[PDB]
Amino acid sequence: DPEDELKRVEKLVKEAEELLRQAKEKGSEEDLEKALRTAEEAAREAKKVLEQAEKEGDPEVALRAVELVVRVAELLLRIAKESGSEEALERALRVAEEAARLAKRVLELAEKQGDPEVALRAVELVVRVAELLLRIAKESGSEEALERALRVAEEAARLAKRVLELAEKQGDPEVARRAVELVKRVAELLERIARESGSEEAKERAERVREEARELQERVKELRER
């Protein structure tokens, strides 16, 4: 039963977070390590649940699993920052990068099963992954992490178009409009990154995304007019 497995993963996540909390409390390194391990196991089981959800064809279970993976990734970032370990930070990076493409798999599964809401939430999840990658980029100072961040961001912005296409295919103006709000959300993110980091890529990507939202607004307008 996928539900029991999901609650299992959730319990593992909670347990890991409490292992981290105690690790900070009494200053235990072993608690920190076993917290890392617990989180990793949680992510593993979560990905397994996703993989069986692909075969079973349940988009909801998949989405829950992948956002649980994102949860695990954030947790690994926190564990990183607390431990000051480069290795744990790298693991957080890896789990985030995985969470991205897994969220994309949730998106395409939703498109196959014809579920606009789950696809939308999947794109939002990809955005969360992008922000997370941005945080990891901030902590590590790695340029590659920033590149990956922006890349994932604009990627989500682009998938939002596909979500809009599904929405206008099933005739759901609300999901499409919210998808446009998602596009302009990504736009605002890239704009912020361009403001603070003065990045060369952030500006261009923000321009592209803004153009995309400019078109998609007219498309949704067309959808609501008829």
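One rule holds for the numbers: they count along the sequence shown, beginning at 1.
A summary of the deposited B-factors shows that, of 52 to 60 and 29 to 37, the stretch with the larger mean C-alpha value is 52 to 60.
Two stretches are in play, 149 to 157 and 109 to 117, and the higher mean C-alpha B-factor belongs to 109 to 117. For the set 194, 70, 186, 46, the maximum C-alpha B-factor listed in the entry falls on 194.
Per the PDB record, residue ranking by Cα B-factor puts residue 124 in the middle third of the chain. Among all modelled residues in this chain, the alpha-carbon of residue 23 has a temperature factor (C-alpha) in the middle third. Placement of the Cα temperature factor of residue 166 within the chain: highest third of the modelled residues, per the deposited record. In the PDB entry, a CA B factor belonging to the highest third of its chain's modelled residues is recorded for residue 144. When the modelled residues of the chain are ordered by C-alpha B-factor, residue 87 sits in the highest third.
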